[PDB]
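Participant: as a preliminary step, the opening chains of the complex are given here in situ:
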Amino acid sequence: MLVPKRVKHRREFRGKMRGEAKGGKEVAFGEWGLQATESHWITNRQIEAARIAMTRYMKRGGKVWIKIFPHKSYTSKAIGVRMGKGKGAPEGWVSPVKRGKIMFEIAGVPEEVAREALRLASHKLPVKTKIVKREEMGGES
Amino acid sequence: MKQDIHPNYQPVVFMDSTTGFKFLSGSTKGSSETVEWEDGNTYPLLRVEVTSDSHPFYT
């Protein structure tokens, strides 16, 4: 039961969301990064798998930027328990991601090893992804 | 000076071995030693003889 990330809690049970659109602020702290062209939850353990499959192909690392973090709690009942009584115990920590804003960032590594790391990262997330630069600003150094 | 709740103070003239700090008030009062016109015309009993004259922040 390897748990990468948690919270400080303040409420056990929570509601269940509605994904309809999600937005805010593309790549800042890096050079190369993903997107997420669909809508899903993303659990704890998928970010374990992403960290490992990123940093193994990063010899001596570089700079990897984790950007979206679990906040919300699962609940679930047992197997064989009827419908009826109150919400089952909270077991898990998930957060939602929708519509092409960015899960990870890379810097400190040339172009082909970066696309290695992102291609070998995105087979462990249930979302269709892309690969994004810093494009053009008033200044991108 | 709210009434009836305050102790004594009168110009108790001071003396010493020397230098005569004949100016101030006091608390412990009593027998007439120098009721003097150039000072307060009161009872000078505080004449205890530590000088405030000789310790070497003075001379």
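Facilitator: Yep, that arrived. Residues are numbered from 1 along each chain as shown, chains lettered A, B, ... in the order given.
Participant: so what's residue A:72 bridging to?
Facilitator: residue A:94 (DSSP bridges).
Participant: please report how far it lies from residue A:41.
Facilitator: Remark: distance between residue A:72 and residue A:41 (C-beta to C-beta, to the nearest Å) = 8 Å. (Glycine included, C-beta is placed from N, CA and C.)
Participant: any common contacting residues for these two?
Facilitator: Any residue near both residue A:72 and residue A:41 by C-beta atoms under 8 Å, 6 or more residues apart in numbering or on different chains counts here, and that gives A:94-96.
Participant: can you list those in TSV and add neighbour count and distance to residue B:49?
Facilitator: Putting the shared contacts of residue A:72 and residue A:41 into TSV (neighbours: other C-beta atoms under 10 Å in any protein chain shown; distance: C-beta to C-beta, whole Å) gives the following:
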residue	neighbour count	distance to residue B:49
A:94	16	88
A:95	16	85
A:96	16	90
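Participant: now, which of those residues sits nearest residue A:110?
Facilitator: Minimum distance to residue A:110 across those is 31.3 Å, recorded for residue A:95 (C-beta to C-beta).
Participant: which residue packs closest to the closest one, ignoring adjacent ones?
Facilitator: In this structure, residue A:95 finds its nearest non-sequential neighbour in residue A:70, 4.5 Å apart by C-beta to C-beta, 6 or more residues apart in numbering or on different chains.
Participant: what's the burial count for the one you found?
Facilitator: Other residues near residue A:70 number 22, with proximity taken as other C-beta atoms under 10 Å in any protein chain shown.
Participant: host element of it?
Facilitator: Residue A:70 belongs to no helix or strand when elements are defined using DSSP states H and E.
Participant: can you tell me how far it is from residue A:48?
Facilitator: Counting by C-beta to C-beta - residue A:70 and residue A:48 are separated by 11 Å.
Participant: go on, residue B:44?
Facilitator: Noted for residue B:44: a distance of 91 Å to residue A:48, by C-beta to C-beta.
Participant: equivalent analysis for residue A:113, please.
Facilitator: Using C-beta to C-beta, residue A:113 is found at 21 Å from residue A:48.
Participant: for chain A, which segments count as helices?
Facilitator: Assigned by DSSP state H, the helices in chain A fall at A:45-55, A:111-119.
Participant: so which of the ones you listed comes closest to residue A:86?
Facilitator: Of all the helices of chain A, helix A:45-55 comes closest under C-beta to C-beta, at 27.0 Å.
Participant: can you give me the angle the closest one makes with helix A:111-119?
Facilitator: 160 degrees (axes from the mean of the first three to the mean of the last three C-alpha atoms, to 10 degrees).
Participant: next up, chain C:
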Amino acid sequence: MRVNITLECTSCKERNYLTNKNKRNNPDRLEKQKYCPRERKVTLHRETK
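Facilitator: If we add chain C to the chains shown above, we get the following:
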């Protein structure tokens, strides 16, 4: 502790009013200059014994 209590006209003897007291703070029979209807006159009032 506390008591539902009644107050008495000390002149014409009618159980006029009703109030409360905490019987470990006020261990005695109260006295309040309350109005009285039968005399139309402000009257001392005491606890019924």
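Participant: chain neighbours aside, what residue packs nearest to residue 20?
Facilitator: By default, I'm working from chain A. residue A:98 is the one closest to residue A:20 (C-beta to C-beta, 6+ apart), at 7.9 Å.
Participant: if you could check chain C rather than the one you did, that'd help
Facilitator: residue C:2 (5.6 Å).
Participant: dump the residue contacts of that neighbour.
Facilitator: Neighbour list for residue C:2: C:20-23 [criterion: C-beta under 8 Å, 6+ apart].
Participant: bridged to the residue nearest to residue A:20, which residues?
Facilitator: With DSSP bridges applied, residue A:98 shows beta-bridge pairing to residue A:39.
Participant: burial of it, as a residue count?
Facilitator: Using other C-beta under 10 Å, residue A:98 has 16 other residues around it.
Participant: need the contact list for it.
Facilitator: A:19-22, A:36, A:38-40.
Participant: what would these look like in TSV with neighbour count and distance to residue C:27?
Facilitator: TSV is the format used below for the contacts of residue A:98 (neighbours: other C-beta under 10 Å; distance: C-beta to C-beta, whole Å):
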residue	neighbour count	distance to residue C:27
A:19	13	70
A:20	8	70
A:21	7	72
A:22	14	70
A:36	23	76
A:38	15	78
A:39	14	74
A:40	15	73
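Participant: now distance to residue A:76 too, for the residues you listed, in JSON lines please.
Facilitator: Compiled in JSON lines, these are given as follows (distance: C-beta to C-beta, whole Å):
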{"residue": "A:19", "distance to residue A:76": "20"}
{"residue": "A:20", "distance to residue A:76": "25"}
{"residue": "A:21", "distance to residue A:76": "28"}
{"residue": "A:22", "distance to residue A:76": "25"}
{"residue": "A:36", "distance to residue A:76": "25"}
{"residue": "A:38", "distance to residue A:76": "24"}
{"residue": "A:39", "distance to residue A:76": "22"}
{"residue": "A:40", "distance to residue A:76": "18"}
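Participant: if I look at the residue nearest to residue A:20, how far off is residue C:29?
Facilitator: 76 Å.
Participant: what does residue A:63 give?
Facilitator: From residue A:63 to residue C:29 the distance is 85 Å (C-beta to C-beta).
Participant: how much space between the closest residue to residue C:10 other than its chain neighbours and residue A:44?
Facilitator: Of all residues not flanking residue C:10 in the chain, residue C:44 sits nearest, at 4.9 Å (C-beta to C-beta, 6+ apart). Separation of residue C:44 from residue A:44 (C-beta to C-beta) stands at 78 Å.
Participant: one more chain, chain D:
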Amino acid sequence: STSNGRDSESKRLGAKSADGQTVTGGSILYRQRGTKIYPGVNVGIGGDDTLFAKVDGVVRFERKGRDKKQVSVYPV
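Facilitator: Putting chain D together with the chains above:
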């Protein structure tokens, strides 16, 4: 086997007379709990922070500068 399912009852607040009415004497205008609207002209405050119309007139709402709002009644 839960510890919930208990509640209060809906005590039915809100504005009970619009602007521009012709309002008789002593009828309720906006039942509060906690002062959200202060009274202006001819309006009294009851025990539970309600509002009245002391004069048979016309309710029109206003503001107190920036923060909070007023009600006043103007006769004919």
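Participant: the neighbour count of residue A:98 again, this time with chain D added?
Facilitator: 16.
Participant: ditto for the one 3 residues further on
Facilitator: Counted with other C-beta under 10 Å, the burial measure for residue A:101 works out to 19 neighbours.
Participant: would you map the strands across chain D?
Facilitator: Under the criterion DSSP state E, chain D contains strands at D:14-15, D:22-23, D:30-31, D:37-39, D:57-64, D:68-74.
Participant: make TSV out of those and add distance to chain A and mean neighbour count.
Facilitator: Output for the strands of chain D, formatted as TSV (distance: least, C-beta to the nearest C-beta, whole Å; neighbours: other C-beta atoms under 10 Å in any protein chain shown):
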stretch	distance to chain A	mean neighbour count
strand D:14-15	27	11
strand D:22-23	43	14
strand D:30-31	31	18
strand D:37-39	33	18
strand D:57-64	35	15
strand D:68-74	32	16
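Participant: out of the ones you listed, nearest to residue D:5?
Facilitator: Nearest to residue D:5, of all the strands of chain D, is strand D:14-15, at 26.4 Å by C-beta to C-beta.
Participant: so how far is residue A:6 from the nearest residue to residue A:3 once chain neighbours are set aside?
Facilitator: In space, and not counting its chain neighbours, residue A:3 is closest to residue A:44: 6.2 Å by C-beta to C-beta, 6+ apart. Counting by C-beta to C-beta, the gap from residue A:44 to residue A:6 is 8 Å.
Participant: and what of residue A:91?
Facilitator: Distance of residue A:91 to residue A:6, given as C-beta to C-beta: 13 Å.
Participant: and for residue A:104?
Facilitator: Relative to residue A:6, and taking C-beta to C-beta, residue A:104 is found at 20 Å.
Participant: ok so, going back, okay, residue A:44 and residue A:6: which has more neighbours?
Facilitator: Per other C-beta under 10 Å, whichever of residue A:44 and residue A:6 has more neighbours is residue A:44, with 18 against 11.
Participant: related to what we said a few turns ago, shouldn't the residue nearest to residue A:3 be in contact with residue A:70?
Facilitator: Yes - the criterion here is C-beta atoms under 8 Å, and residue A:44 meets it with residue A:70 at 5.6 Å.
Participant: need the overlap of contacts for these two.
Facilitator: A:5, A:93-94.
Participant: mind putting these into JSON lines with distance to residue B:12?
Facilitator: Output for these, formatted as JSON lines (distance: C-beta to C-beta, whole Å):
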{"residue": "A:5", "distance to residue B:12": "79"}
{"residue": "A:93", "distance to residue B:12": "81"}
{"residue": "A:94", "distance to residue B:12": "85"}
